[PDB]
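> This one's a deposited entry, sequence included:
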Amino acid sequence: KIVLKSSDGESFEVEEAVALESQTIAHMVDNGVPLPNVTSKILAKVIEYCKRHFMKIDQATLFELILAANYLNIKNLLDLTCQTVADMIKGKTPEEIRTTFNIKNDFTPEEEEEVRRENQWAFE
Amino acid sequence: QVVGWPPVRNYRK
Amino acid sequence: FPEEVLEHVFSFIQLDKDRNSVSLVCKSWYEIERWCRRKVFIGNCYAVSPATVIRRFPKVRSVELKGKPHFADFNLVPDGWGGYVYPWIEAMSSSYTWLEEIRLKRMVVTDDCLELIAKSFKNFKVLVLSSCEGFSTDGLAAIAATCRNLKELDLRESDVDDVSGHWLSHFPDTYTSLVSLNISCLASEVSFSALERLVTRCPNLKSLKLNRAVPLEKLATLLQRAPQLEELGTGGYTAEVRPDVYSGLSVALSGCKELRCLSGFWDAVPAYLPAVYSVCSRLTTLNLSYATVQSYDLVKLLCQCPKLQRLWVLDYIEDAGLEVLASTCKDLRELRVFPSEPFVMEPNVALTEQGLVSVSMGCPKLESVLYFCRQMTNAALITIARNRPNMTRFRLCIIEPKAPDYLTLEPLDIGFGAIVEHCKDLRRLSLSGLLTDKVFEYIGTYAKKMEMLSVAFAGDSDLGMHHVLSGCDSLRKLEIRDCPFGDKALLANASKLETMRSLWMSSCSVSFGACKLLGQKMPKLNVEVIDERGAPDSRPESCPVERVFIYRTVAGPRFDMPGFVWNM
Ligand SMILES: O=P(O)(O)O[C@H]1[C@H](OP(=O)(O)O)[C@@H](OP(=O)(O)O)[C@H](OP(=O)(O)O)[C@@H](OP(=O)(O)O)[C@H]1OP(=O)(O)O
Ligand SMILES: O=C(O)Cc1c[nH]c2ccccc12
């Protein structure tokens, strides 16, 4: 009953109850609901999820997916995607983490020594 | 006899 | 990711060690993590200051703090040493206004602390005072009167000033949120009528551990009011033997279908123990530490407990009772056998090494042992180690200091060597019996996962302590009394101390001069000489100190040392 338009300008037709899973679409809700921050590839995946209500996806696809869940405000999807990312954090060293997430360490050695000492000595 | 031995919280009686 | 997205990821990350790694990935994560961290665990209250914790972690809802070292339990830490929680409460009172949980262990907690908690934390839900001292029933009255959302009041093994049982009457009639109440340490009798009304109006009550002052004849009354109970600590467990009283208790306990944990049993009368039998098909924890009933009575109970996972018992169980335990309780994970007469030399019970051997053979999931006995062999310890390579905590106290293997007269070096050799994931060990430097050699070579080691009346020379500090990769707490360990091992391994929570040495050979030099060398350690003979300066530098307690800290020297403590 609702047409969603992706940032690729492609139209998706979904049952009202599926579209209303997104609080962002809910609030916007008809020539089409434009979604400039959500790609077709990732809108397709979001719709699959919302229809059913899967994580065997690659890192990039996963990061596009959390951003979409956040942008569309789909809480159950946000929970699942965030839990999946958290699970990539659990048990890892800071070095293993920023390898997985491609993050640059922006601490001075001295900054990082102070924090590590405090973490281990006071908080663990 | 030894202070704090054996290592128990029991009163001596 | 947007900051809200990252904050949400971190909401699924609750282990301290993971929060810490997160805070170190980059500057951004550091700030985001600190602002949504929910709980802090501070294993040594003097390792950091309150201001530092509150400034870094502004939105904390749960705080756990530990004060005095373990050996305070054995009267080796003089009164007034420290561990005051007031500065923490005071600092939190103006900052952690949404605070919900305070768990304290071995701290000094006063009525002023308890009053400040009640008035400062509107959402306060959980208070655990574990082996704490310094407060009275008046402080408890303040909590009861004011903490309208309270769910847990647990006073385990605390020393309370028992001014009056009237404190419990202060819970108002509108209060209904209690989930866990442990008053087992209180000597004073609460109003039974107030207790009965409290239990009746709290439908989420799951754990109720009473004090000895609730007599056995009143227990059925409370149980009828709380059929949903999962844990029960009885009050007094003695009465005139009567059919009607036994029957009432039996029916009440059988109506408690969810009971998994039973404790209390003070003054237990064998005639009344069968009343719990209905409960003991599903029991997973049984604490019979205070029941002084004999082996056969214990066996009749234990035969009925096939699901038991944790047993605490007196040595009255005897070897024959442990042999039955080994046959019956195939899911047993933890056994603690406490001495009935710890201060008598000759045995009052037939509990020997054989009981521990029996359970090691029969209980495939047995991984935690605390066992007090009067004799031991190397053969027994070797059999234990071989049967239970899965052992994670092994605490063995032979009552007589320096007792050798009673059959061969040899030190127990090879027996404890077998434990550390075979039990690769052993995290905790305590030693006793006749021990030379050789056992410490085995510990340093093999005990690579050991985090806590307790040692008394053991070793020959500094080489013994050296092997431990040099070899024990995972060591977090080492606590030693009455051993010939001194300056040489301590200073040779000074840097190791920055990798541990603490090192305690009392009645050893460490000189005041070495303590001073260690303090000089290691400014990020607090090296505390705890000595009641007056200024250590008043004696030669070479004179051993009564005690030294050393702990790494980011806060520097303590502001609250008594007159008998000196920071180097
Ligand atoms: O992890 P830690 O800070 O070193 O605490 C340990 C740990 O207790 P926690 O549950 O507080 O972590 C032990 O328990 P386990 O890990 O073996 O299950 C406990 O041993 P008990 O089972 O006897 O309670 C011991 O307490 P204690 O030293 O009084 O035996 C205690 O160490 P602390 O003395 O540092 O609190
Ligand atoms: O672990 C225990 O509580 C008992 C024990 C066995 N050996 C010990 C050495 C020092 C302090 C306590 C113990």
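Okay, I see it. Numbering: from 1, shown residues only, chains lettered A, B, ... in the order given. Ligands and ions are numbered 1, 2, ... in the order given.

> in the stretch 101-250 of chain C, which spans are helices?
C:111-120, C:137-146, C:192-200, C:219-225, C:243-254 (DSSP state H, counting those that start in this stretch).

> actually chain A, not the one I typed
For chain A, applying DSSP state H gives helices covering A:16-19, A:23-28, A:40-52, A:59-72, A:75-87, A:94-100, A:109-122.

> Please apply the same query to the stretch 451-568 of chain C.
Going by DSSP H, counting those that start in this stretch, the stretch 451-568 of chain C shows helices at C:462-471, C:487-492, C:512-521.

> Which residues in the first one does the neighbour count mark as buried?
Looking back up the chat, that one is helix C:462-471. Residues C:462-469, C:471 are the ones in helix C:462-471 that count as buried (16 or more other CB atoms under 10 Å in any protein chain shown). C-beta here means a position set from N, CA and C on the backbone, and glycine is covered the same way.

> could you say what helices and strands that helix packs with?
Judged by 3 or more CB pairs under 8 Å, 6 or more residues apart in numbering or on different chains; DSSP states H and E, helix C:462-471 is in contact with helix C:437-446, strand C:477-481, helix C:487-492.

> Which one of the helices of the stretch 101-250 of chain C lies nearest to residue C:548?
helix C:111-120 (29.1 Å; CB to CB).

> on that earlier part again, put together JSON lines for the helices of chain A, with distance to chain B and mean neighbour count on each row.
Output for the helices of chain A, formatted as JSON lines (distance: least, CB to the nearest CB, whole Å; neighbours: other CB atoms under 10 Å in any protein chain shown):
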{"stretch": "helix A:16-19", "distance to chain B": "63", "mean neighbour count": "16"}
{"stretch": "helix A:23-28", "distance to chain B": "57", "mean neighbour count": "14"}
{"stretch": "helix A:40-52", "distance to chain B": "57", "mean neighbour count": "17"}
{"stretch": "helix A:59-72", "distance to chain B": "53", "mean neighbour count": "18"}
{"stretch": "helix A:75-87", "distance to chain B": "42", "mean neighbour count": "18"}
{"stretch": "helix A:94-100", "distance to chain B": "40", "mean neighbour count": "16"}
{"stretch": "helix A:109-122", "distance to chain B": "28", "mean neighbour count": "16"}
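
> Any chance of CSV for those, columns distance to residue C:52?
Formatted as CSV, those follow (distance: least, CB to CB, whole Å):
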stretch, distance to residue C:52
helix A:16-19, 49
helix A:23-28, 40
helix A:40-52, 43
helix A:59-72, 33
helix A:75-87, 27
helix A:94-100, 21
helix A:109-122, 7
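
> gap between the closest residue to chain A within chain B and chain C?
Proximity of chain B to chain A (CB to the nearest CB) peaks at residue B:7, 27.2 Å away. Separation of residue B:7 from chain C (CB to the nearest CB, to the nearest Å): 5 Å.

> can you give me the strands for the stretch 351-500 of chain C?
Taking DSSP state E, counting those that start in this stretch to define them, one finds strands in the stretch 351-500 of chain C at C:368-373, C:393-398, C:428-430, C:452-456, C:477-481.

> Can you tell me the SS state at whatever residue of the stretch 201-350 of chain C ends up closest to chain B?
Proximity of the stretch 201-350 of chain C to chain B (CB to the nearest CB) peaks at residue C:342, 4.8 Å away. Each residue gets one of three states, and residue C:342 gets coil by DSSP: H, G, I helix; E, B strand; the rest coil.

> Tell me both backbone torsions, phi and psi, for it.
Dihedral pair for residue C:342: phi -60, psi -20, per degrees, to the nearest 10.

> Next up, the contacts around it.
B:6, B:8, B:10, C:372, C:399 (CB atoms under 8 Å, 6 or more residues apart in numbering or on different chains).

> can you pick the most crowded of the residues you listed?
residue C:372 (22 neighbours; other CB atoms under 10 Å in any protein chain shown).

> Is there proximity between stretch C:443-454 and ligand 2?
Yes: among the residues of stretch C:443-454, residue C:454 lie within reach of ligand 2 under CB under 6 Å from any ligand atom.

> could you dump the helices of the stretch 101-250 of chain C to a markdown table with distance to chain A?
A markdown table is the format used below for the helices of the stretch 101-250 of chain C (distance: least, CB to the nearest CB, whole Å):
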| stretch | distance to chain A |
| --- | --- |
| helix C:111-120 | 21 |
| helix C:137-146 | 27 |
| helix C:192-200 | 37 |
| helix C:219-225 | 40 |
| helix C:243-254 | 42 |
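
> between the ones you listed, which one is nearest to residue C:447?
helix C:111-120 (38.9 Å).

> can you pull the contacts of residue C:321?
C:295-296, C:298-299, C:302, C:313, C:355.

> Now intersect those with the strands, please.
Judged by DSSP state E, the contacts of residue C:321 include residue C:313 as members of strands.

> Can you name the residues of chain C that neighbour chain B?
By CB under 8 Å from any CB of the partner chain, the residues of chain C that approach chain B are C:71, C:73-76, C:157, C:338-339, C:342-343, C:372, C:397, C:399, C:401, C:454, C:456-457, C:481-482.

> Distance check, residue C:211 against residue A:88.
According to CB to CB, to the nearest Å, residue C:211 and residue A:88 sit 49 Å apart.

> okay, now residue C:224: neighbour count?
16.

> Leaving out the residues flanking it, which one is nearest to it?
Leaving aside its sequence neighbours, residue C:224 sits nearest to residue C:252 (CB to CB, 6 or more residues apart in numbering or on different chains; 5.4 Å).

> For the one you found, give me its contacts.
C:219-221, C:223-224.

> And residue C:223, by the same measure?
Residue C:223 neighbours (CB under 8 Å, 6+ apart): C:229, C:232, C:252-253, C:255-256.

> Apply the buried test to those residues and list what passes.
For these, buried by 16+ other CB under 10 Å: C:229, C:232, C:252-253, C:256.

> Now do residue C:227 against residue C:184, distance only.
21 Å.
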